[PDB]
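K.L.:
Sharing run_27.pdb below, PDB, C-alpha atoms:
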ATOM      1  CA  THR T   2      10.661  -0.389  17.600  1.00  0.00           C
ATOM      2  CA  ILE T   3      11.621  -3.266  15.338  1.00  0.00           C
ATOM      3  CA  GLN T   4      13.906  -4.243  12.498  1.00  0.00           C
ATOM      4  CA  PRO T   5      12.670  -5.215   9.014  1.00  0.00           C
ATOM      5  CA  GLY T   6      10.540  -8.345   8.932  1.00  0.00           C
ATOM      6  CA  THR T   7       7.006  -9.666   9.256  1.00  0.00           C
ATOM      7  CA  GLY T   8       4.976 -11.026  12.127  1.00  0.00           C
ATOM      8  CA  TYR T   9       1.973 -10.429  14.329  1.00  0.00           C
ATOM      9  CA  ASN T  10       1.455  -7.779  16.974  1.00  0.00           C
ATOM     10  CA  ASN T  11      -1.601  -7.223  19.145  1.00  0.00           C
ATOM     11  CA  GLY T  12      -3.880  -9.185  16.836  1.00  0.00           C
ATOM     12  CA  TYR T  13      -2.612  -7.667  13.589  1.00  0.00           C
ATOM     13  CA  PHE T  14      -0.188  -8.804  10.915  1.00  0.00           C
ATOM     14  CA  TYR T  15       2.629  -6.371  10.222  1.00  0.00           C
ATOM     15  CA  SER T  16       5.249  -6.007   7.532  1.00  0.00           C
ATOM     16  CA  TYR T  17       8.244  -3.677   7.570  1.00  0.00           C
ATOM     17  CA  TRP T  18      10.669  -3.687   4.655  1.00  0.00           C
ATOM     18  CA  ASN T  19      13.484  -1.385   3.561  1.00  0.00           C
ATOM     19  CA  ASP T  20      16.211  -1.354   0.906  1.00  0.00           C
ATOM     20  CA  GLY T  21      19.166  -1.281   3.282  1.00  0.00           C
ATOM     21  CA  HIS T  22      19.380   2.497   3.539  1.00  0.00           C
ATOM     22  CA  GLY T  23      19.054   3.759   7.095  1.00  0.00           C
ATOM     23  CA  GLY T  24      17.154   6.674   8.555  1.00  0.00           C
ATOM     24  CA  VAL T  25      13.931   4.779   9.197  1.00  0.00           C
ATOM     25  CA  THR T  26      12.454   3.961  12.600  1.00  0.00           C
ATOM     26  CA  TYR T  27       9.362   1.734  12.513  1.00  0.00           C
ATOM     27  CA  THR T  28       7.424   1.109  15.733  1.00  0.00           C
ATOM     28  CA  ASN T  29       4.478  -1.178  16.490  1.00  0.00           C
ATOM     29  CA  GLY T  30       2.056   0.195  19.062  1.00  0.00           C
ATOM     30  CA  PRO T  31      -1.095  -1.000  20.893  1.00  0.00           C
ATOM     31  CA  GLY T  32      -3.884  -2.578  18.872  1.00  0.00           C
ATOM     32  CA  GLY T  33      -3.637  -1.713  15.199  1.00  0.00           C
ATOM     33  CA  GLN T  34      -1.290   1.222  15.704  1.00  0.00           C
ATOM     34  CA  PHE T  35       2.138   1.768  14.219  1.00  0.00           C
ATOM     35  CA  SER T  36       4.322   4.810  13.726  1.00  0.00           C
ATOM     36  CA  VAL T  37       7.185   5.621  11.398  1.00  0.00           C
ATOM     37  CA  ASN T  38       9.724   8.423  11.509  1.00  0.00           C
ATOM     38  CA  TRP T  39      12.236   8.725   8.708  1.00  0.00           C
ATOM     39  CA  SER T  40      15.103  11.068   7.894  1.00  0.00           C
ATOM     40  CA  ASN T  41      16.696  10.887   4.442  1.00  0.00           C
ATOM     41  CA  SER T  42      15.682   7.257   4.021  1.00  0.00           C
ATOM     42  CA  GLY T  43      15.978   5.037   1.000  1.00  0.00           C
ATOM     43  CA  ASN T  44      12.949   3.000  -0.056  1.00  0.00           C
ATOM     44  CA  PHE T  45      10.820   1.461   2.717  1.00  0.00           C
ATOM     45  CA  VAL T  46       7.305   0.121   3.288  1.00  0.00           C
ATOM     46  CA  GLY T  47       5.741  -0.637   6.656  1.00  0.00           C
ATOM     47  CA  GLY T  48       2.328  -1.157   8.209  1.00  0.00           C
ATOM     48  CA  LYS T  49      -0.324  -3.280   9.921  1.00  0.00           C
ATOM     49  CA  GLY T  50      -3.233  -5.344   8.745  1.00  0.00           C
ATOM     50  CA  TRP T  51      -4.110  -8.923   7.954  1.00  0.00           C
ATOM     51  CA  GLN T  52      -2.582 -12.141   6.662  1.00  0.00           C
ATOM     52  CA  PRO T  53      -4.334 -13.100   4.523  1.00  0.00           C
ATOM     53  CA  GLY T  54      -6.543 -10.232   3.423  1.00  0.00           C
ATOM     54  CA  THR T  55      -9.959 -10.699   1.822  1.00  0.00           C
ATOM     55  CA  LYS T  56     -11.704  -9.329  -1.245  1.00  0.00           C
ATOM     56  CA  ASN T  57     -14.492  -7.615   0.686  1.00  0.00           C
ATOM     57  CA  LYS T  58     -12.749  -6.177   3.738  1.00  0.00           C
ATOM     58  CA  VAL T  59     -13.760  -2.718   4.908  1.00  0.00           C
ATOM     59  CA  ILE T  60     -10.578  -1.177   6.297  1.00  0.00           C
ATOM     60  CA  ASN T  61     -10.635   1.680   8.791  1.00  0.00           C
ATOM     61  CA  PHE T  62      -7.635   3.927   9.357  1.00  0.00           C
ATOM     62  CA  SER T  63      -6.888   7.171  11.112  1.00  0.00           C
ATOM     63  CA  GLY T  64      -3.827   9.134  12.023  1.00  0.00           C
ATOM     64  CA  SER T  65      -1.285  11.793  11.163  1.00  0.00           C
ATOM     65  CA  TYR T  66       0.754  11.724   7.968  1.00  0.00           C
ATOM     66  CA  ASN T  67       3.496  14.276   7.330  1.00  0.00           C
ATOM     67  CA  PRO T  68       5.720  13.401   4.342  1.00  0.00           C
ATOM     68  CA  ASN T  69       8.597  15.641   3.245  1.00  0.00           C
ATOM     69  CA  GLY T  70       9.214  14.238  -0.207  1.00  0.00           C
ATOM     70  CA  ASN T  71       8.341  11.025  -2.043  1.00  0.00           C
ATOM     71  CA  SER T  72       5.931   9.000   0.086  1.00  0.00           C
ATOM     72  CA  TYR T  73       2.419   7.568   0.150  1.00  0.00           C
ATOM     73  CA  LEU T  74      -0.169   6.136   2.528  1.00  0.00           C
ATOM     74  CA  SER T  75      -2.529   3.405   1.402  1.00  0.00           C
ATOM     75  CA  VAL T  76      -4.038  -0.054   1.538  1.00  0.00           C
ATOM     76  CA  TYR T  77      -1.302  -2.330   0.230  1.00  0.00           C
ATOM     77  CA  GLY T  78      -1.288  -6.023  -0.508  1.00  0.00           C
ATOM     78  CA  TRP T  79      -0.619  -8.985  -2.757  1.00  0.00           C
ATOM     79  CA  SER T  80      -2.350 -11.930  -4.386  1.00  0.00           C
ATOM     80  CA  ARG T  81      -0.821 -15.091  -5.870  1.00  0.00           C
ATOM     81  CA  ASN T  82      -1.761 -16.938  -9.078  1.00  0.00           C
ATOM     82  CA  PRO T  83      -1.833 -14.339 -10.461  1.00  0.00           C
ATOM     83  CA  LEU T  84       0.992 -12.592  -8.624  1.00  0.00           C
ATOM     84  CA  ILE T  85      -0.239  -9.030  -8.145  1.00  0.00           C
ATOM     85  CA  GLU T  86       0.952  -6.175  -5.940  1.00  0.00           C
ATOM     86  CA  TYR T  87      -1.876  -3.670  -5.413  1.00  0.00           C
ATOM     87  CA  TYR T  88      -2.436  -0.244  -3.911  1.00  0.00           C
ATOM     88  CA  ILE T  89      -5.419   1.862  -2.906  1.00  0.00           C
ATOM     89  CA  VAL T  90      -3.597   5.147  -2.318  1.00  0.00           C
ATOM     90  CA  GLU T  91      -5.307   7.490   0.139  1.00  0.00           C
ATOM     91  CA  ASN T  92      -2.604  10.139   0.394  1.00  0.00           C
ATOM     92  CA  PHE T  93       0.868  10.844  -0.951  1.00  0.00           C
ATOM     93  CA  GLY T  94       3.592  13.461  -1.018  1.00  0.00           C
ATOM     94  CA  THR T  95       5.686  14.929  -3.836  1.00  0.00           C
ATOM     95  CA  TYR T  96       5.291  11.951  -6.176  1.00  0.00           C
ATOM     96  CA  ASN T  97       2.058  10.519  -7.573  1.00  0.00           C
ATOM     97  CA  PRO T  98       2.829   6.753  -7.490  1.00  0.00           C
ATOM     98  CA  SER T  99       0.884   6.196 -10.713  1.00  0.00           C
ATOM     99  CA  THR T 100       3.256   8.435 -12.675  1.00  0.00           C
ATOM    100  CA  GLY T 101       3.933   6.912 -16.086  1.00  0.00           C
ATOM    101  CA  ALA T 102       1.332   4.216 -15.430  1.00  0.00           C
ATOM    102  CA  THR T 103      -1.399   3.220 -17.873  1.00  0.00           C
ATOM    103  CA  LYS T 104      -4.805   4.608 -16.904  1.00  0.00           C
ATOM    104  CA  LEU T 105      -7.632   2.135 -17.431  1.00  0.00           C
ATOM    105  CA  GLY T 106     -10.570   3.841 -15.765  1.00  0.00           C
ATOM    106  CA  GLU T 107     -12.030   5.461 -12.669  1.00  0.00           C
ATOM    107  CA  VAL T 108     -14.099   4.509  -9.638  1.00  0.00           C
ATOM    108  CA  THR T 109     -15.986   6.585  -7.091  1.00  0.00           C
ATOM    109  CA  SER T 110     -15.615   5.145  -3.616  1.00  0.00           C
ATOM    110  CA  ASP T 111     -15.792   6.328  -0.029  1.00  0.00           C
ATOM    111  CA  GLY T 112     -16.317   9.969  -0.958  1.00  0.00           C
ATOM    112  CA  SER T 113     -13.827  10.424  -3.781  1.00  0.00           C
ATOM    113  CA  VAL T 114     -13.030   9.565  -7.371  1.00  0.00           C
ATOM    114  CA  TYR T 115      -9.994   7.299  -7.781  1.00  0.00           C
ATOM    115  CA  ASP T 116      -7.995   6.899 -10.980  1.00  0.00           C
ATOM    116  CA  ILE T 117      -7.194   3.275 -11.900  1.00  0.00           C
ATOM    117  CA  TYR T 118      -3.898   2.131 -13.429  1.00  0.00           C
ATOM    118  CA  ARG T 119      -1.903  -0.984 -14.224  1.00  0.00           C
ATOM    119  CA  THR T 120       1.884  -1.095 -14.384  1.00  0.00           C
ATOM    120  CA  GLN T 121       4.398  -3.887 -14.823  1.00  0.00           C
ATOM    121  CA  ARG T 122       7.348  -4.562 -12.554  1.00  0.00           C
ATOM    122  CA  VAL T 123      10.095  -6.385 -14.440  1.00  0.00           C
ATOM    123  CA  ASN T 124      12.550  -8.583 -12.534  1.00  0.00           C
ATOM    124  CA  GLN T 125      11.784  -6.861  -9.208  1.00  0.00           C
ATOM    125  CA  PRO T 126      11.564  -7.980  -5.550  1.00  0.00           C
ATOM    126  CA  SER T 127       8.289  -9.637  -4.561  1.00  0.00           C
ATOM    127  CA  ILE T 128       6.755 -11.874  -1.927  1.00  0.00           C
ATOM    128  CA  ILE T 129       8.069 -14.859  -3.916  1.00  0.00           C
ATOM    129  CA  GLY T 130      11.472 -13.440  -4.808  1.00  0.00           C
ATOM    130  CA  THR T 131      12.733 -11.743  -7.964  1.00  0.00           C
ATOM    131  CA  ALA T 132       9.887 -11.700 -10.464  1.00  0.00           C
ATOM    132  CA  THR T 133       7.958  -9.891 -13.179  1.00  0.00           C
ATOM    133  CA  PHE T 134       4.399  -9.043 -12.192  1.00  0.00           C
ATOM    134  CA  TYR T 135       1.641  -6.477 -12.578  1.00  0.00           C
ATOM    135  CA  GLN T 136       0.746  -3.763 -10.076  1.00  0.00           C
ATOM    136  CA  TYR T 137      -2.807  -2.439  -9.785  1.00  0.00           C
ATOM    137  CA  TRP T 138      -3.420   1.106  -8.565  1.00  0.00           C
ATOM    138  CA  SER T 139      -6.400   3.097  -7.322  1.00  0.00           C
ATOM    139  CA  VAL T 140      -5.225   6.635  -6.534  1.00  0.00           C
ATOM    140  CA  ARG T 141      -7.568   8.863  -4.518  1.00  0.00           C
ATOM    141  CA  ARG T 142      -7.968  12.357  -5.962  1.00  0.00           C
ATOM    142  CA  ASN T 143      -8.983  13.885  -2.640  1.00  0.00           C
ATOM    143  CA  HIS T 144      -6.129  13.105  -0.256  1.00  0.00           C
ATOM    144  CA  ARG T 145      -6.814  12.194   3.365  1.00  0.00           C
ATOM    145  CA  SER T 146      -5.098  10.431   6.260  1.00  0.00           C
ATOM    146  CA  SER T 147      -8.232   9.071   7.944  1.00  0.00           C
ATOM    147  CA  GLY T 148     -11.350   7.234   6.812  1.00  0.00           C
ATOM    148  CA  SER T 149     -12.743   3.918   5.616  1.00  0.00           C
ATOM    149  CA  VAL T 150     -11.862   1.943   2.485  1.00  0.00           C
ATOM    150  CA  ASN T 151     -14.290  -0.600   1.067  1.00  0.00           C
ATOM    151  CA  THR T 152     -11.769  -2.745  -0.784  1.00  0.00           C
ATOM    152  CA  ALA T 153     -14.507  -4.538  -2.737  1.00  0.00           C
ATOM    153  CA  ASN T 154     -15.328  -1.324  -4.596  1.00  0.00           C
ATOM    154  CA  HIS T 155     -11.786  -1.247  -5.932  1.00  0.00           C
ATOM    155  CA  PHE T 156     -11.357  -4.939  -6.614  1.00  0.00           C
ATOM    156  CA  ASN T 157     -14.645  -5.032  -8.514  1.00  0.00           C
ATOM    157  CA  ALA T 158     -13.781  -1.893 -10.503  1.00  0.00           C
ATOM    158  CA  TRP T 159     -10.399  -3.388 -11.385  1.00  0.00           C
ATOM    159  CA  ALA T 160     -12.054  -6.633 -12.493  1.00  0.00           C
ATOM    160  CA  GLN T 161     -14.426  -4.686 -14.739  1.00  0.00           C
ATOM    161  CA  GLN T 162     -11.309  -3.305 -16.425  1.00  0.00           C
ATOM    162  CA  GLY T 163      -9.827  -6.768 -16.893  1.00  0.00           C
ATOM    163  CA  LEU T 164      -7.540  -6.591 -13.856  1.00  0.00           C
ATOM    164  CA  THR T 165      -8.074  -9.865 -11.997  1.00  0.00           C
ATOM    165  CA  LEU T 166      -6.733 -10.826  -8.577  1.00  0.00           C
ATOM    166  CA  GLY T 167      -5.605 -14.243  -7.408  1.00  0.00           C
ATOM    167  CA  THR T 168      -5.702 -15.748  -3.931  1.00  0.00           C
ATOM    168  CA  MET T 169      -4.974 -13.063  -1.357  1.00  0.00           C
ATOM    169  CA  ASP T 170      -1.736 -12.868   0.593  1.00  0.00           C
ATOM    170  CA  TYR T 171      -1.248 -10.001   3.067  1.00  0.00           C
ATOM    171  CA  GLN T 172      -3.303  -6.799   3.162  1.00  0.00           C
ATOM    172  CA  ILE T 173      -2.173  -3.817   5.244  1.00  0.00           C
ATOM    173  CA  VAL T 174      -2.407  -0.062   5.619  1.00  0.00           C
ATOM    174  CA  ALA T 175       1.139   1.014   4.860  1.00  0.00           C
ATOM    175  CA  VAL T 176       3.344   4.054   4.849  1.00  0.00           C
ATOM    176  CA  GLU T 177       5.952   4.042   2.098  1.00  0.00           C
ATOM    177  CA  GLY T 178       8.870   6.388   1.666  1.00  0.00           C
ATOM    178  CA  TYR T 179      11.366   6.857  -1.154  1.00  0.00           C
ATOM    179  CA  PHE T 180      14.494   8.937  -0.527  1.00  0.00           C
ATOM    180  CA  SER T 181      12.692  11.487   1.602  1.00  0.00           C
ATOM    181  CA  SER T 182      11.930  12.364   5.214  1.00  0.00           C
ATOM    182  CA  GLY T 183       8.695  12.342   7.153  1.00  0.00           C
ATOM    183  CA  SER T 184       6.647  11.157  10.097  1.00  0.00           C
ATOM    184  CA  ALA T 185       3.433   9.198  10.479  1.00  0.00           C
ATOM    185  CA  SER T 186       1.287   7.519  13.110  1.00  0.00           C
ATOM    186  CA  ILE T 187      -1.539   5.283  11.894  1.00  0.00           C
ATOM    187  CA  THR T 188      -4.146   3.114  13.616  1.00  0.00           C
ATOM    188  CA  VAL T 189      -5.758   0.330  11.592  1.00  0.00           C
ATOM    189  CA  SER T 190      -8.951  -1.615  12.305  1.00  0.00           C
TER     190      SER T 190
END
Here is the file; what I need is its structure written in the form of structure tokens.
P.N.:
Amino acid sequence: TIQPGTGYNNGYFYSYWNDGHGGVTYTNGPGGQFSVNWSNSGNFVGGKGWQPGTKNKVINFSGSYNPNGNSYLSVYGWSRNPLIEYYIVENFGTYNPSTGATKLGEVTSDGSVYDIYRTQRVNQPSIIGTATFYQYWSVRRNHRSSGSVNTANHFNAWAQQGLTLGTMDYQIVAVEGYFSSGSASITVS
């Protein structure tokens, strides 16, 4: 069980961030495993993966995901020049993270159709500090908490829609929560 921060554990990069509100317990386990239990948390994001990620990685994940409110499970990462925060959402709770976003297309990957969106974060926290940047989203229609994600299918679909990515920074499978409660245990590979 660790405090917010980044590092490496058992061969995998990890990132755990929160907004200062308590109620979140993030734990790194063997191999690519991590678990999170939260009770009336604020906003938090935590998970395991790689630093840096790649544009053709096939990410495997499996586990249990039980959100009680706003939350989502997905492949999460960043690129620089351009600065982009992206998500390939595999499951979520009460709130579809693409709400209010601009739909640009669709892609069929790993057994399901995903809706593609682009949104803009204005003067918000980022891997390089306060900044304005775009967010790319692929939201799976058929929710699941286990499977394989061929990231190239999404990155190429985004590119076809004019959404380009820069040089990759981290790439993880993360559990996010936003003023809710829940529990999750995920193993990445």
K.L.:
Just give me the gap between CA of residue 5 (chain T) and CA of residue 133 (chain T) in Å, one decimal is fine.
P.N.:
23.2 Å
K.L.:
Find, counting only C-alpha atoms, the residue in T:70, T:183, T:53, T:43 that gets nearest to residue 15 (chain T).
P.N.:
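Closest residue, counting only C-alpha atoms: T:53.
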K.L.:
Give as a list in words the residues that the PyMOL selection byres ((chain T and resi 92) around 7) matches when applied to the coordinates above.
P.N.:
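Output of the PyMOL selection byres ((chain T and resi 92) around 7): residues 73, 74, 75, 90, 91, 93, 144, 145 and 146 of chain T.
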K.L.:
Using all atoms of region 168-171 of chain T listed in the file and a margin of 6 Å per side, can you give the axis-aligned box centre and edge lengths in Å to one decimal, as lines of an AutoDock Vina configuration file?
P.N.:
center_x = -3.5
center_y = -12.9
center_z = -0.4
size_x = 16.5
size_y = 17.7
size_z = 19.0
K.L.:
Looking at only C-alpha atoms, which of T:134, T:96, T:88, T:35 is the one that sits closest to residue 49 (chain T)?
P.N.:
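Selected residue with least distance to residue 49 (chain T): T:35.
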K.L.:
Keeping N, CA, C and O atoms, write region 28-40 of chain T of the structure just shown out as a CSV table (one decimal), in the first residue's frame.
P.N.:
chain,number,residue,atom,x,y,z
T,28,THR,N,-2.9,-0.3,-3.7
T,28,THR,CA,-1.9,-1.3,-3.3
T,28,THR,C,-1.2,-2.0,-4.6
T,28,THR,O,-1.9,-2.4,-5.5
T,29,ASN,N,0.1,-2.0,-4.6
T,29,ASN,CA,0.8,-2.7,-5.7
T,29,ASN,C,1.0,-4.2,-5.2
T,29,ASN,O,1.4,-4.4,-4.1
T,30,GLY,N,0.7,-5.1,-6.1
T,30,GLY,CA,0.9,-6.5,-5.8
T,30,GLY,C,1.9,-7.2,-6.7
T,30,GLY,O,2.6,-6.5,-7.4
T,31,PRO,N,2.0,-8.5,-6.6
T,31,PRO,CA,3.0,-9.2,-7.4
T,31,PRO,C,2.8,-9.0,-8.9
T,31,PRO,O,1.7,-8.7,-9.4
T,32,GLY,N,3.9,-9.1,-9.7
T,32,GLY,CA,3.8,-8.9,-11.1
T,32,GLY,C,3.1,-7.7,-11.5
T,32,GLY,O,3.5,-6.6,-11.1
T,33,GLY,N,2.1,-7.8,-12.4
T,33,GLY,CA,1.4,-6.6,-12.9
T,33,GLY,C,0.1,-6.3,-12.2
T,33,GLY,O,-0.8,-5.6,-12.7
T,34,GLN,N,0.0,-6.8,-10.9
T,34,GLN,CA,-1.2,-6.6,-10.2
T,34,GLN,C,-1.2,-5.4,-9.3
T,34,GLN,O,-0.2,-5.0,-8.7
T,35,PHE,N,-2.4,-4.8,-9.1
T,35,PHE,CA,-2.6,-3.7,-8.2
T,35,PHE,C,-4.1,-3.8,-7.8
T,35,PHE,O,-4.9,-4.4,-8.5
T,36,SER,N,-4.4,-3.2,-6.7
T,36,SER,CA,-5.8,-3.2,-6.2
T,36,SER,C,-6.1,-1.9,-5.6
T,36,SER,O,-5.2,-1.2,-5.1
T,37,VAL,N,-7.3,-1.5,-5.7
T,37,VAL,CA,-7.8,-0.2,-5.2
T,37,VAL,C,-9.1,-0.3,-4.5
T,37,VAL,O,-10.0,-1.0,-5.0
T,38,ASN,N,-9.2,0.3,-3.3
T,38,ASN,CA,-10.5,0.2,-2.5
T,38,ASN,C,-10.7,1.7,-2.1
T,38,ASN,O,-9.8,2.3,-1.6
T,39,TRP,N,-11.9,2.2,-2.5
T,39,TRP,CA,-12.1,3.6,-2.1
T,39,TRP,C,-13.5,3.8,-1.5
T,39,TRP,O,-14.5,3.1,-1.9
T,40,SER,N,-13.6,4.7,-0.6
T,40,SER,CA,-14.8,5.0,0.1
T,40,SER,C,-15.0,6.5,0.1
T,40,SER,O,-14.3,7.2,0.8
